[PDB]
Structure formats: C-alpha cells, structure tokens
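Novice: Just so it is clear, I am handing over target20.tsv, which has TSV, C-alpha atoms and all ligand atoms.
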```
chain	number	residue	atom	x	y	z
A	24	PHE	CA	42.11	18.06	16.96
A	25	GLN	CA	41.91	15.20	19.49
A	26	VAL	CA	39.72	12.13	20.10
A	27	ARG	CA	38.08	12.98	23.45
A	28	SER	CA	36.41	10.56	25.86
A	29	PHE	CA	32.99	11.42	27.31
A	30	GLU	CA	34.48	12.32	30.70
A	31	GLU	CA	36.86	14.77	28.93
A	32	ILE	CA	34.03	16.32	26.88
A	33	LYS	CA	31.97	16.57	30.09
A	34	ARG	CA	34.48	18.69	32.00
A	35	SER	CA	34.94	21.05	29.04
A	36	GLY	CA	31.17	21.59	29.02
A	37	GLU	CA	31.01	21.57	25.20
A	38	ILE	CA	30.67	18.87	22.52
A	39	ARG	CA	31.79	19.53	18.94
A	40	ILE	CA	29.40	18.04	16.38
A	41	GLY	CA	30.26	17.61	12.67
A	42	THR	CA	27.50	17.85	10.07
A	43	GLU	CA	27.09	18.92	6.43
A	44	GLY	CA	24.32	21.52	6.22
A	45	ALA	CA	23.26	20.76	2.63
A	46	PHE	CA	20.74	17.94	3.17
A	47	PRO	CA	17.25	19.29	3.95
A	48	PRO	CA	15.24	18.40	5.99
A	49	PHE	CA	17.88	16.41	7.97
A	50	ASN	CA	20.69	18.96	8.29
A	51	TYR	CA	20.72	22.24	6.39
A	52	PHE	CA	21.12	25.97	6.69
A	53	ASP	CA	17.70	27.60	6.70
A	54	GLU	CA	16.65	30.86	4.96
A	55	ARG	CA	18.12	32.93	7.78
A	56	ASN	CA	21.44	31.02	7.62
A	57	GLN	CA	21.04	28.99	10.78
A	58	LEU	CA	21.80	25.26	10.91
A	59	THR	CA	18.64	23.24	11.51
A	60	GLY	CA	16.80	20.07	10.52
A	61	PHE	CA	15.79	16.75	12.11
A	62	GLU	CA	19.42	15.83	12.88
A	63	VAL	CA	20.26	19.21	14.38
A	64	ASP	CA	17.23	19.07	16.74
A	65	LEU	CA	18.21	15.51	17.69
A	66	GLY	CA	21.89	16.39	18.15
A	67	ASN	CA	20.87	19.36	20.32
A	68	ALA	CA	18.50	17.18	22.46
A	69	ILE	CA	21.24	14.56	22.93
A	70	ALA	CA	23.77	17.21	23.98
A	71	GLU	CA	21.20	18.68	26.40
A	72	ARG	CA	20.39	15.33	28.01
A	73	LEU	CA	24.15	14.73	28.50
A	74	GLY	CA	24.62	18.23	30.02
A	75	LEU	CA	26.73	19.60	27.16
A	76	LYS	CA	26.75	22.78	25.10
A	77	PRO	CA	26.68	21.77	21.42
A	78	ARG	CA	29.13	23.41	18.96
A	79	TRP	CA	28.26	22.65	15.37
A	80	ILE	CA	30.82	22.47	12.58
A	81	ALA	CA	29.46	22.26	9.01
A	82	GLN	CA	31.80	20.67	6.43
A	83	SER	CA	31.65	18.99	3.02
A	84	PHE	CA	29.93	15.59	3.41
A	85	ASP	CA	32.78	13.46	1.95
A	86	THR	CA	35.22	14.89	4.50
A	87	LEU	CA	33.22	14.14	7.66
A	88	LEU	CA	34.26	10.61	8.68
A	89	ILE	CA	37.93	11.36	7.97
A	90	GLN	CA	37.89	14.57	9.99
A	91	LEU	CA	36.05	12.79	12.84
A	92	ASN	CA	38.89	10.27	13.02
A	93	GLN	CA	41.38	13.16	13.15
A	94	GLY	CA	39.53	14.57	16.15
A	95	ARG	CA	38.13	17.75	14.52
A	96	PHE	CA	34.74	16.95	16.08
A	97	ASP	CA	33.65	14.54	18.84
A	98	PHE	CA	30.82	13.04	16.82
A	99	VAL	CA	29.12	13.35	13.47
A	100	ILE	CA	25.38	13.37	12.69
A	101	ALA	CA	24.96	13.83	8.98
A	102	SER	CA	22.66	11.06	7.67
A	103	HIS	CA	25.34	8.34	7.28
A	104	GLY	CA	23.90	5.00	6.34
A	105	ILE	CA	25.68	2.12	8.07
A	106	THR	CA	27.77	0.12	5.57
A	107	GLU	CA	30.45	-2.57	6.04
A	108	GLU	CA	33.26	-0.24	4.89
A	109	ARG	CA	32.18	2.74	6.97
A	110	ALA	CA	31.63	0.55	10.10
A	111	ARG	CA	35.32	-0.41	9.93
A	112	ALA	CA	36.42	3.22	9.59
A	113	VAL	CA	34.28	4.67	12.43
A	114	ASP	CA	32.16	3.40	15.34
A	115	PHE	CA	28.41	3.85	14.65
A	116	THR	CA	25.79	4.33	17.36
A	117	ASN	CA	22.48	2.48	17.24
A	118	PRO	CA	20.61	4.06	14.26
A	119	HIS	CA	18.70	7.34	14.81
A	120	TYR	CA	16.47	6.70	11.75
A	121	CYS	CA	15.65	4.31	8.94
A	122	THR	CA	15.24	5.19	5.31
A	123	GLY	CA	16.13	4.18	1.79
A	124	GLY	CA	17.46	5.41	-1.53
A	125	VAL	CA	15.00	6.22	-4.33
A	126	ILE	CA	15.01	6.84	-8.05
A	127	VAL	CA	13.62	10.23	-8.93
A	128	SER	CA	13.10	11.40	-12.49
A	129	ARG	CA	11.07	13.86	-14.49
A	130	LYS	CA	7.53	12.61	-15.20
A	131	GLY	CA	7.81	9.94	-17.95
A	132	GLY	CA	11.39	9.32	-16.87
A	133	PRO	CA	12.97	6.15	-15.45
A	134	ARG	CA	11.13	4.40	-12.63
A	135	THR	CA	13.22	1.30	-11.91
A	136	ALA	CA	16.87	0.18	-11.83
A	137	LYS	CA	16.23	-1.67	-15.13
A	138	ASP	CA	14.99	1.63	-16.64
A	139	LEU	CA	18.43	3.21	-16.01
A	140	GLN	CA	20.14	1.30	-18.83
A	141	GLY	CA	21.55	3.93	-21.25
A	142	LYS	CA	20.66	6.73	-18.85
A	143	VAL	CA	22.61	9.49	-17.12
A	144	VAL	CA	22.31	9.31	-13.32
A	145	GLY	CA	23.18	12.11	-10.83
A	146	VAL	CA	24.40	11.35	-7.24
A	147	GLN	CA	26.19	13.10	-4.40
A	148	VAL	CA	29.86	12.04	-4.06
A	149	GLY	CA	30.82	9.66	-1.26
A	150	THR	CA	27.26	8.45	-0.73
A	151	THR	CA	25.46	5.12	-0.63
A	152	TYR	CA	23.49	6.51	-3.63
A	153	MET	CA	26.74	6.67	-5.60
A	154	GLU	CA	27.68	3.13	-4.45
A	155	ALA	CA	24.25	1.87	-5.55
A	156	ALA	CA	24.46	3.62	-8.95
A	157	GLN	CA	27.85	1.93	-9.50
A	158	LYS	CA	26.27	-1.53	-9.03
A	159	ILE	CA	23.34	-1.04	-11.47
A	160	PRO	CA	24.41	-2.45	-14.86
A	161	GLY	CA	24.15	-0.49	-18.08
A	162	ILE	CA	24.04	3.08	-16.79
A	163	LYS	CA	25.61	5.32	-19.44
A	164	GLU	CA	27.16	7.74	-16.95
A	165	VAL	CA	27.17	8.48	-13.23
A	166	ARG	CA	27.57	12.23	-12.68
A	167	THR	CA	28.86	13.08	-9.21
A	168	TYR	CA	27.98	16.22	-7.20
A	169	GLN	CA	29.51	17.84	-4.13
A	170	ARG	CA	26.06	18.65	-2.78
A	171	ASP	CA	22.90	16.65	-3.25
A	172	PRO	CA	20.75	19.72	-4.14
A	173	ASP	CA	22.99	20.37	-7.14
A	174	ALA	CA	21.92	16.96	-8.53
A	175	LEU	CA	18.26	17.99	-8.18
A	176	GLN	CA	18.94	21.21	-10.10
A	177	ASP	CA	20.50	19.19	-12.97
A	178	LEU	CA	17.52	16.81	-13.06
A	179	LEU	CA	15.20	19.82	-13.33
A	180	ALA	CA	17.49	21.25	-16.01
A	181	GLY	CA	17.36	17.99	-18.01
A	182	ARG	CA	21.13	17.47	-17.77
A	183	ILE	CA	20.62	14.14	-16.02
A	184	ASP	CA	17.81	11.61	-16.44
A	185	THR	CA	17.61	10.46	-12.83
A	186	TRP	CA	18.62	11.57	-9.32
A	187	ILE	CA	19.21	8.88	-6.68
A	188	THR	CA	18.71	10.22	-3.19
A	189	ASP	CA	17.00	9.73	0.17
A	190	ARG	CA	13.25	9.05	0.11
A	191	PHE	CA	12.42	11.74	2.69
A	192	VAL	CA	14.63	14.33	1.01
A	193	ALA	CA	13.01	13.55	-2.37
A	194	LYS	CA	9.51	13.82	-0.87
A	195	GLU	CA	10.24	17.16	0.79
A	196	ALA	CA	12.03	18.76	-2.19
A	197	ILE	CA	8.96	18.00	-4.31
A	198	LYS	CA	6.64	19.57	-1.69
A	199	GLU	CA	8.90	22.56	-1.07
A	200	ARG	CA	9.51	23.46	-4.71
A	201	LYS	CA	5.96	22.47	-5.78
A	202	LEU	CA	7.26	19.82	-8.22
A	203	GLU	CA	4.36	17.32	-7.86
A	204	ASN	CA	3.57	17.87	-11.56
A	205	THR	CA	7.18	17.79	-12.80
A	206	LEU	CA	8.95	14.97	-10.88
A	207	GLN	CA	7.99	11.41	-9.94
A	208	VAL	CA	9.51	9.20	-7.25
A	209	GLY	CA	10.34	5.76	-8.64
A	210	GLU	CA	11.49	2.53	-7.04
A	211	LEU	CA	13.09	2.26	-3.63
A	212	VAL	CA	16.51	0.95	-4.70
A	213	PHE	CA	17.79	0.03	-1.19
A	214	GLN	CA	17.02	0.47	2.48
A	215	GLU	CA	19.48	1.66	5.13
A	216	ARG	CA	19.89	2.29	8.85
A	217	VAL	CA	21.32	5.78	9.48
A	218	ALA	CA	23.47	6.48	12.54
A	219	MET	CA	25.74	8.89	14.39
A	220	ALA	CA	29.46	8.16	14.30
A	221	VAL	CA	32.29	8.47	16.73
A	222	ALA	CA	36.07	8.15	16.01
A	223	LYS	CA	37.01	4.45	15.76
A	224	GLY	CA	37.64	3.11	19.28
A	225	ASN	CA	35.98	6.03	21.12
A	226	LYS	CA	33.83	3.58	23.13
A	227	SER	CA	33.46	6.14	25.96
A	228	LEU	CA	31.58	8.64	23.77
A	229	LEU	CA	29.84	5.81	21.87
A	230	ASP	CA	28.23	4.54	25.10
A	231	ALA	CA	27.11	8.08	26.10
A	232	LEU	CA	25.55	8.81	22.70
A	233	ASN	CA	23.79	5.44	22.64
A	234	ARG	CA	22.46	6.03	26.14
A	235	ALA	CA	21.07	9.50	25.33
A	236	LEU	CA	19.48	8.25	22.06
A	237	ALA	CA	17.74	5.37	23.84
A	238	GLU	CA	16.57	7.81	26.56
A	239	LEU	CA	15.15	10.21	23.92
A	240	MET	CA	13.22	7.40	22.27
A	241	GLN	CA	11.72	6.37	25.63
A	242	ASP	CA	10.82	9.80	27.05
A	243	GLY	CA	8.90	11.16	24.05
A	244	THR	CA	11.55	13.58	22.76
A	245	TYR	CA	12.42	11.47	19.73
A	246	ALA	CA	8.73	11.16	18.78
A	247	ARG	CA	8.16	14.94	19.11
A	248	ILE	CA	11.14	15.77	16.89
A	249	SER	CA	10.28	13.13	14.27
A	250	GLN	CA	6.69	14.43	14.20
A	251	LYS	CA	7.90	18.06	13.86
A	252	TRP	CA	9.97	17.24	10.78
A	253	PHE	CA	8.08	14.35	9.11
A	254	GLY	CA	4.57	14.07	10.65
A	255	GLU	CA	5.45	10.44	11.36
A	256	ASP	CA	7.92	8.40	13.43
A	257	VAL	CA	10.94	7.60	11.31
A	258	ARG	CA	12.80	5.34	13.84
A	259	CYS	CA	14.20	1.96	12.83
A	260	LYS	CA	11.29	-0.46	13.26
A	301	LIG	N1	24.37	15.26	5.08
A	301	LIG	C1	24.43	14.61	3.75
A	301	LIG	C2	24.33	13.09	3.96
A	301	LIG	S1	23.62	12.10	2.59
A	301	LIG	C3	23.97	10.47	3.34
A	301	LIG	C4	23.54	9.17	2.60
A	301	LIG	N2	22.38	8.55	3.27
A	301	LIG	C5	24.68	8.17	2.77
A	301	LIG	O1	24.60	7.39	3.75
A	301	LIG	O2	25.60	8.19	1.95
```
Produce structure tokens that represent the structure in this file.
Specialist:
Amino acid sequence: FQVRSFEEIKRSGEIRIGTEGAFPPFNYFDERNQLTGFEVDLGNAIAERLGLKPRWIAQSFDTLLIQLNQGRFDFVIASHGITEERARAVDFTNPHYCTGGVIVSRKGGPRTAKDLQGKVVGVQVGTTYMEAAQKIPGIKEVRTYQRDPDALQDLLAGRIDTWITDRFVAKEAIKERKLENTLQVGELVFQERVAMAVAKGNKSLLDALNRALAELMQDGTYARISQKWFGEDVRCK
C-alpha cells in the first residue's frame, strides 16, 4: 500500500493494476479462469510499452477507486465512466473508449426511460447505471447487484423488468447466450467517456499512462485490440 510515482514503478519493474473481472468483454475471467478482455489486453500493451511487468489484482468493482487511493494498486482499468464526483476522487487519464448505458428488457418489455414508470430496474452497485436509474422518475424499485451479470440473470428470471448496463456488454451477452429472441436492447439512456484512473495527485503515473495510450492509438495497437474484441474501433471520436 503506497502511491508510487512512475520512476518508482519503473525501478521495481512491475506495475500493479486493479480491475474487477466480472464485466465481459471488457475485463473478466474466462472459462479457464484467466483474466482477459479488451481492458486487460490494453492494460498489458500499456505496461509493455512502458517496460513494466503487469500484476493484476481483481476486486469488487465498488471498492476499486477507494483502494487505488490507498495505494493497493498503481492504476485501475475497469470501465469507469468519467463523472464529476469520480474526477474529484481520482485522476482520470484521457479516455480509452467511449460508450453508453442502455435499457435492456425481455421482448415486449420497457424500451425507454418513460416506459420504466412502475417498473423494477436492476443495476450494478456503484455504477453510472445506478446513478442514471436514480434520476429517472417513477421507477417502482431499483434493485442493486454486486456484479452486473447477476442483474442479467434476474432479468432472464423475470425478477426485474429491465437491466441498465453498457451497450457493448448488452450486445455481447445477447450473442454469447443466444438471447436474440428473448431480450431486446432499448434506448441509449446516456453516453460516457471511460478512462483509467490513478490515485488523486499521482501526476507522474498519469503522464506515463496518457503517453502510452496516445502511442498505442497512433501505432496501430489500439486498433488491433479494439478490432479483436469488437470488430470495430471503439475509441472516443
Ligand atoms: N468492471 C465493471 C465496471 S462497470 C462501469 C460503468 N461504466 C461505470 O462507469 O459505472
């Protein structure tokens, strides 16, 4: 536990990276129990460009920014949307992708924010999806989940009417589980820029991560990794 500058991380030869591991296809443990996903490939490429061995630490999502500030990891890459409140708490890099939150229901279920009046909505705790659900008037209940996939299970089970989540995670879950005929993606409720985070005031590491990200976007690495995971370039445009 310590906030380490880039020079300090450099000499140790290793960088500790905090992530969640329950958010496919961004960061998740695969079927042979190895951490992977778009963010893991990116985090690895960044570490490699900076000459560092990555050490990944997977923790509950809602704990990540707090533990980062306590120095448990040097940076976090775990699909954090930039918000006013979070940007005070931690220092965000330039965004490593752009996305938005979407309504997903069973077929015939709610499609828009207006449709959610009198409805039960499922969201992951500590997320921008939760924050957004709290601002939509007339929702009967906002059920909170430790892990986003547990909200999807409850939607499939009929225990919630609607799951609010990331558009790429919704799209992939439907493909993966062959749910094209059971779920429908509704309105895009908000857009967000998603970024890596450093402990507040760690401007040394912040500069290094920004530099490596910009270098990956220029040299083709970012494109290759985005194409691998999404078949398209998901950078902020
Ligand atoms: N690894 C799980 C992260 S889900 C993050 C969501 N976009 C948010 O910004 O709250």
Novice: Residues within 9 Å of ligand LIG 301 (chain A) (all atoms listed in the file), as number ranges by chain?
Specialist: A: 42-47, 49-51, 83-85, 100-106, 122-124, 147-154, 170-171, 188-189, 215-218
Novice: Which one of A:173, A:97, A:108, A:203 sits closest to residue 220 (chain A) if you count all atoms listed in the file?
Specialist: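 Among the listed residues, A:97 lies closest to residue 220 (chain A).
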Novice: How far is it from CA of residue 195 (chain A) to CA of residue 177 (chain A), in Å with one decimal?
Specialist: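 Rounded to one decimal, the two atoms are 17.3 Å apart.
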Novice: Taking (35.1, 18.0, 16.4) as a centre in this file's frame and 12 Å as the limit, can you find every polymer residue with an atom that close, using only C-alpha atoms, and give them as a PyMOL selection string?
Specialist: chain A and resi 24-27+32+37-42+77-82+87-100+220-222
Novice: Give the answer as one residue: which of A:169, A:208, A:239, A:117 has the shortest atom-to-atom distance to residue 86 (chain A), using only C-alpha atoms?
Specialist: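 Checking each of A:169, A:208, A:239, A:117 against residue 86 (chain A), counting only C-alpha atoms, the winner is A:169.
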Novice: When distances are computed from only C-alpha atoms, which of A:178, A:115, A:30, A:62 shows the smallest separation from residue 75 (chain A)?
Specialist: A:30
Novice: One decimal, Å: what's the distance from CA of residue 64 (chain A) over to CA of residue 243 (chain A), could you say?
Specialist: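 So the answer is 13.6 Å.
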Novice: Find the residue from A:174, A:54, A:126, A:191 that sits nearest to residue 255 (chain A); use only C-alpha atoms when measuring.
Specialist: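 Checking each candidate against residue 255 (chain A), we get A:191 as the closest.
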Novice: Which residues are near residue 226 (chain A)? Cut-off 9 Å, all atoms listed in the file, ignore same chain within fewer than 4 positions. Put them as a PDB file with C-alpha atoms, keeping the file's coordinate frame.
Specialist:
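Result went into part_2.pdb, see below:
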```
ATOM      1  CA  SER A  28      36.410  10.560  25.860  1.00  0.00           C
ATOM      2  CA  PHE A  29      32.990  11.420  27.310  1.00  0.00           C
ATOM      3  CA  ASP A 114      32.160   3.400  15.340  1.00  0.00           C
ATOM      4  CA  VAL A 221      32.290   8.470  16.730  1.00  0.00           C
ATOM      5  CA  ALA A 222      36.070   8.150  16.010  1.00  0.00           C
ATOM      6  CA  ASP A 230      28.230   4.540  25.100  1.00  0.00           C
ATOM      7  CA  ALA A 231      27.110   8.080  26.100  1.00  0.00           C
TER       8      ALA A 231
END
```
Novice: Measuring between all atoms listed in the file, which one of A:127, A:246, A:162, A:236 shows the shortest distance to residue 206 (chain A)?
Specialist: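 Ranked by minimum distance to residue 206 (chain A), first place goes to A:127.
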Novice: Work out how far CA of residue 196 (chain A) is from CA of residue 140 (chain A), in Å to one decimal.
Specialist: 25.4 Å
